[PDB]
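Heads up: the structure comes next, in structure tokens.
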Amino acid sequence: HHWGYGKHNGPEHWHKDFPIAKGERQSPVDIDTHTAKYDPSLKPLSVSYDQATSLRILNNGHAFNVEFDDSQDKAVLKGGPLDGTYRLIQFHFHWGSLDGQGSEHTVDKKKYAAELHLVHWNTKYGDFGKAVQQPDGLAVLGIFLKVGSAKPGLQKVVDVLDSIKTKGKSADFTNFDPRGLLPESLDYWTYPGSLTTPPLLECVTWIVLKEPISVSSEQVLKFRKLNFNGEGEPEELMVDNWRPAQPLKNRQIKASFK
Ligand code: NI
């Protein structure tokens, strides 16, 4: 029926409605650190989020999105392997039912407890909708989360989850600064890939940070309290909303570091 992460509508079934699921540039992938090529020509990433305007947080039924005003060049990403300016539209997370799983990308087969995705679209295309139809239309910054120390900058997010418990619920979420979620180092891996939920379009240049951020057990615990279902429907906890690693096929993972 409609796609999800259950046994009957999970990742293994998506190909029936979205044939691109078996495409040549599907995400996520496992990052083999010994095979990634250091590429000296990659520039350092440029993250300018000081003018970021968050507006709302929403439970869309598969995750929670924090949305930003993208009507102007307020929060942009550039540099790295990118040509042009990419505007931040939203961020969200993929997480697990246990601390030993939850990330989409893996490193040398290691899975993290969660993965943060900062989604940006190429301003040359004029809007998000047009950007997803192009090979270089989006840039997603991926950050791994490991369980250890609490992340102060994530707490505001954790605290509003009770108010968007079920699908379709939203809440005003202004004045949130996404700089509080960045690790210290911007070293990264990059490869051409796709969206990880239907429609699975192959329009993403992925930028995955080598350094994870730490969150506390209690913090990740609150994520696991969300529901996939709408209000008044039987309760289904929003857990394991991650797609497993896909074949690399004809692609090279480039590293910005050695
Ligand atoms: Ni994602």
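By convention here, the chains of the structure tokens are called A, B, ... in the order presented, each chain's residues are numbered starting at 1, and ligands are numbered starting at 1 in the order presented.
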
- Task: Produce as a ChimeraX atom specification the set of residues near ligand 1, where near means within 9 Å with only C-alpha atoms and all ligand atoms considered.
- Result: /A:63,91-94,104,115-119,140,142,195-197,242

Generate the output file for the selected residues, N, CA, C and O atoms, as a compact mmCIF listing (two decimals), in the first residue's frame.
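Writing the result to again.txt gives the following:
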# COMPACT_ATOMS: atom_id res chain seq x y z
N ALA A 63 9.45 10.91 9.29
CA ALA A 63 10.44 11.58 10.09
C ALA A 63 9.87 12.91 10.50
O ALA A 63 8.68 13.21 10.19
N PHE A 91 16.05 20.20 7.57
CA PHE A 91 16.91 19.12 8.09
C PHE A 91 15.98 18.07 8.72
O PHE A 91 14.92 18.46 9.30
N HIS A 92 16.43 16.85 8.84
CA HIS A 92 15.72 15.78 9.52
C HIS A 92 16.72 14.71 9.97
O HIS A 92 17.91 14.86 9.67
N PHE A 93 16.24 13.65 10.60
CA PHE A 93 17.07 12.57 11.09
C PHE A 93 16.50 11.20 10.64
O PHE A 93 15.32 11.14 10.36
N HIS A 94 17.39 10.22 10.62
CA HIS A 94 17.04 8.80 10.43
C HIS A 94 17.56 8.15 11.72
O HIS A 94 18.73 8.55 12.07
N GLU A 104 22.02 5.72 7.91
CA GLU A 104 21.79 5.21 6.56
C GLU A 104 23.15 4.84 5.95
O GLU A 104 23.38 3.70 5.58
N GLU A 115 21.49 9.56 11.97
CA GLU A 115 22.17 10.36 10.90
C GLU A 115 21.30 11.57 10.63
O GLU A 115 20.09 11.47 10.41
N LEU A 116 21.91 12.74 10.72
CA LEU A 116 21.26 14.02 10.46
C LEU A 116 21.45 14.42 9.01
O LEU A 116 22.55 14.32 8.42
N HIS A 117 20.37 14.85 8.33
CA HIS A 117 20.50 15.30 6.95
C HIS A 117 20.09 16.74 6.79
O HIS A 117 18.95 17.05 7.19
N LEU A 118 20.97 17.59 6.35
CA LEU A 118 20.72 19.01 6.04
C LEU A 118 20.50 19.10 4.55
O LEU A 118 21.49 18.87 3.77
N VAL A 119 19.28 19.37 4.13
CA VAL A 119 18.96 19.36 2.69
C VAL A 119 19.04 20.73 2.05
O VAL A 119 18.46 21.64 2.63
N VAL A 140 23.19 17.21 0.00
CA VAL A 140 22.77 16.89 1.39
C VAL A 140 24.07 16.69 2.22
O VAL A 140 24.89 15.89 1.81
N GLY A 142 25.44 15.06 5.44
CA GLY A 142 25.11 13.98 6.38
C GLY A 142 26.06 13.98 7.58
O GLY A 142 27.30 13.98 7.42
N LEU A 195 17.95 10.62 -3.27
CA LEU A 195 17.07 10.73 -2.08
C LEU A 195 16.93 9.28 -1.54
O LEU A 195 17.11 8.32 -2.34
N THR A 196 16.70 9.13 -0.24
CA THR A 196 16.65 7.81 0.34
C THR A 196 15.19 7.40 0.66
O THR A 196 15.02 6.26 1.17
N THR A 197 14.27 8.24 0.29
CA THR A 197 12.84 7.87 0.42
C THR A 197 12.22 8.16 -0.95
O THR A 197 12.75 9.01 -1.70
N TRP A 242 15.35 4.19 8.30
CA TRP A 242 16.58 4.22 7.51
C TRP A 242 16.57 3.17 6.41
O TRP A 242 16.12 2.04 6.62

- Task: Write out as a PyMOL selection string the residues lying within 7 Å of residue A:239, counting only C-alpha atoms and excluding same-chain residues fewer than 3 positions away.
- Result: chain A and resi 95-97+224

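For the choices A:192, A:230, A:23, A:247, the atom-to-atom distance to residue A:59 is smallest for A:230 when using only C-alpha atoms.
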
- Message: Env of residue A:121: 12 Å cut, atoms = only C-alpha atoms, seq-sep filter 3 positions within chain, self excluded. Answer as a PyMOL selection string.
- Response: chain A and resi 70-73+75-78+82-90+118+124-141+203-205

- Task: Show which residues sit within 6 Å of residue A:209, as a list in words. Count only C-alpha atoms, and ignore same-chain residues fewer than 2 positions away.
- Result: residues 143, 187, 188 and 211 of chain A

I need the residues from that last selection saved to file as a tab-separated table (two decimals), in the first residue's frame (with N, CA, C and O atoms), if you can.
chain	number	residue	atom	x	y	z
A	143	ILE	N	25.58	13.95	8.78
A	143	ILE	CA	26.34	13.92	10.02
A	143	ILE	C	25.94	12.68	10.81
A	143	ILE	O	24.70	12.48	10.97
A	187	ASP	N	35.87	17.78	7.53
A	187	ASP	CA	36.46	16.81	6.60
A	187	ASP	C	35.28	15.90	6.12
A	187	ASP	O	34.43	15.55	6.98
A	188	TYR	N	35.33	15.54	4.83
A	188	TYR	CA	34.20	14.76	4.33
A	188	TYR	C	34.55	13.81	3.21
A	188	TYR	O	35.60	13.89	2.58
A	211	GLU	N	33.54	13.22	10.94
A	211	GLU	CA	33.40	13.28	12.42
A	211	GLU	C	31.97	13.28	12.94
A	211	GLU	O	31.22	14.17	12.55

- Measure the distance from atom CA of residue A:234 to atom CA of residue A:221 in Å and round it to one decimal.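 Answer for the atom CA of residue A:234 to atom CA of residue A:221 separation: 20.5 Å.
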
- Item | Nearest residue to residue A:18 from the set A:200, A:145, A:181, A:57 (distances using only C-alpha atoms) | A:200

- Counting only C-alpha atoms, the option among A:25, A:56, A:243, A:146 closest to residue A:206: A:25
